[PDB]
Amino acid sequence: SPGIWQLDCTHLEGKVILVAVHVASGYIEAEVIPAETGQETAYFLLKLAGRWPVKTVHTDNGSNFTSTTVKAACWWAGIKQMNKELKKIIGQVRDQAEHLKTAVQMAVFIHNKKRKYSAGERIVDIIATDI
């Protein structure tokens, strides 16, 4: 179903990568964040909801969505309540970039553009059909 996303944090090189997966397509977004924090999750969610129609969000760590600030973001935006593959692509490009955050965006790009239709094409097709 087209408005369902999955959100989780992973660790790499002593930093935090917030990864969101659009479950029906496999499309991803990701950001290196300074801390695993309510404020960062909330700000991420706000940015995601403005780009895509985010109806419902699932996670593998329910306590992630417990903060008042996360709930306030989901309230405002109308939201209700791959780590291994991405790390693989990160590992392949890591040496091409200085910053981990740059490697992550390179891996996100590679992941979404790859013919597995790419995940980037599938999300758009899924969402459009749904309108």
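Note that residue numbering follows the sequence shown and begins at 1.
Per the record, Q81 and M82 are separated by 10 or more deposited residues that are missing from the model.
According to the PDB entry, the deposited sequence contains 4 to 9 residues between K116 and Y117 that lack coordinates.
Across the two stretches, 119-127 and 103-111, the PDB entry reports the greater mean Cα temperature factor for 119-127. The stretch 82-90 shows the higher mean C-alpha B-factor when 82-90 is compared against 62-70 in the entry. Per the PDB entry, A35 shows the highest C-alpha temperature factor of the residues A42, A49, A35, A30.
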